[PDB]
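Before any comments, here is the structure.
Rule-based calculations on the coordinates, nothing more; no lab input. For neighbour counting, all protein chains shown are included, and Cβ atoms are generated from backbone atoms with ideal geometry for every residue, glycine included.
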Amino acid sequence: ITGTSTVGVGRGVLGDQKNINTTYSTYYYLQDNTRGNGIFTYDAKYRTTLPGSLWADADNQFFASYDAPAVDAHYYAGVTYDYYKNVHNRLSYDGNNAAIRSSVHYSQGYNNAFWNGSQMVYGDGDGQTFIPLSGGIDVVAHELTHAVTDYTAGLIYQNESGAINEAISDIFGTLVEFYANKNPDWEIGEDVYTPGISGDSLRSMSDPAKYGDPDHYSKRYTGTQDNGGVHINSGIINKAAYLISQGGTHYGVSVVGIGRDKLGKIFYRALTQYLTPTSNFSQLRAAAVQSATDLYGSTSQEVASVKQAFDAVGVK
Ligand SMILES: CC(C)C[C@H](NP(=O)(O)CNC(=O)OCc1ccccc1)C(=O)N[C@@H](CC(C)(C)C)C(=O)O
Ligand SMILES: [Ca+2]
Ligand SMILES: [Ca+2]
Ligand SMILES: [Ca+2]
Ligand SMILES: [Ca+2]
Ligand SMILES: [Zn+2]
């Protein structure tokens, strides 16, 4: 909408106070004009018709329980925008500052979040399995990264290309979580998963097997559930990424870590310059090696570490 840029204040899903960029025209809307062509947050009002209504508030204060998922969707979309712009020189998901749209309060008791081809969508959770999913910065960044992938490599959402697609979203979700530097880790969704159980998460990049996901190609799933295991086999690539960054010895194969920033550069380059819609795991290895070669040189530690990490997870 047309209006003037304002700064509201509210509380997120975890009870933390933050400022949010809003727009004033009779109401204060969740429309941040400070980033690209805007970040817009919508109320789906417990229904499934999208996007719903652009979020409108009378007083620019967002401290109601109902406000919390909107506050975080809006704020964490801003953090994710900042990560891509500041770290990778990428302007929004399309590279041309496309407006970023999110809807919260999607459906009832909805234990998931997604990119629907045009916007991000967040359930509130059922209160036991999840609290509202926009409370997780890794979750928000995971979803926006699906848009980045769709505009770049275009990895088809099934089988190995789909598992790469998922891993890319987990990887950048995590790198954005580290960028914000509030309780960062290599787990996915810990801030919104199971409020009654401490210490768990949906997936682990450092040890995917802790939640039954494969950490080696020999353990890959090849059935038809989950689009051919896209959220399962992502563990193999998540583990490789974790090893590239942090190092370790995995099934007897030692990897020299090179740190998160270099992991991000290598995978961002792979995603945007080398991967294609049908890339498989072997092709991802080749793309990562070439990307590291471009950035650091063929004789570099970085190239050597990429090879070690893919060796460790059985991907040649
Ligand atoms: C980071 C977590 C919190 C959320 C994450 N959502 P997503 O974006 O990967 C879901 N994709 C999805 O709907 O594709 C199908 C589609 C394709 C095209 C258009 C529209 C939809 C996830 O990991 N979801 C898991 C479920 C869970 C949460 C582990 C319980 C699962 O869906 O298996
Ligand atoms: Ca208010
Ligand atoms: Ca965390
Ligand atoms: Ca996390
Ligand atoms: Ca929990
Ligand atoms: Zn996903």
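If you wrap the stretch 155-315's Cα atoms in a convex hull and average its projection over all directions, what's the area in nm²? Let's see the in-between values first.
Details: hull surface 36.2 nm².
Taking the Cα atoms of the stretch 155-315, their convex hull projects to 9.0 nm² on average.
For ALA68, what is the net charge nearby, where nearby means another residue's Cβ is under 12 Å from its Cβ and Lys, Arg count +1, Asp, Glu -1?
So the environment of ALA68 carries a net charge of -2.
Counting DSSP beta bridges in the chain, what percent are antiparallel, to the nearest 5?
70 percent
Mind sorting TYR46, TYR76 by how few other Cβ atoms lie within 10 Å of their own Cβ, fewest first?
So the ranking, lowest neighbour count to highest, is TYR46, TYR76.
Which ordering of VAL104, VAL140 is given by a fewest-first count of other beta-carbon atoms within 10 Å?
Exposure proxy ranking, most exposed first: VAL140, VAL104.
Please compute the net charge surrounding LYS316, taking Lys and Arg as +1 and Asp and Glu as -1 over other residues with Cβ under 11 Å from its Cβ.
Taking every Cβ under 11 Å from that of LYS316, the sum is +1.
For a test of the definition: using alpha carbon positions, the gyration tensor, and the 1.5 limit on a/c, classify the stretch 133-239 as rounded, prolate or oblate.
oblate
What helices does the chain hold that run 20 Å or longer along their axis, going by alpha-carbon atoms, with a Kyte-Doolittle average of 0.0 or more, using DSSP H for the helix calls?
137-151, 159-180, 281-296
Which residues' amide hydrogens lie under 5 Å from the amide hydrogen of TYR110, considering only partners 5 or more residues apart or on another chain, with H built in the peptide plane?
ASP124, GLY125
Can you work out the base-10 log of I(q)/I(0) for the chain at q = 0.08, 0.10, 0.13 1/Å, using the Debye formula on its C-alpha atoms alone?
With one equal scatterer per Cα and no solvent, log10 I(q)/I(0) is -0.35, -0.54, -0.89.
Could you work out the relative contact order of the stretch 6-154, using alpha carbon pairs under 8 angstrom and six or more residues apart, expressed as a whole percent?
Rounded, it is 22 percent for the stretch 6-154.
Tell me which of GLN17, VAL71, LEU275 sits at the most positive position along the dipole axis of the chain, charges placed on C-beta atoms (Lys, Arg +1; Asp, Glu -1).
Towards the positive end, the residue furthest out is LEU275.
Would you mind counting up the charge near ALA163? Only other residues with Cβ under 14 Å from its Cβ, with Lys and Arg at +1 and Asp and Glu at -1.
-1
What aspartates and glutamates could a cross-link reach from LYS210, if we take a straight Cα to Cα line under 20 Å and drop same-chain neighbours fewer than 8 places away?
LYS210 reaches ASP138, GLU166, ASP170, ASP185, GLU187, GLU190, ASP191, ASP200, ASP226.
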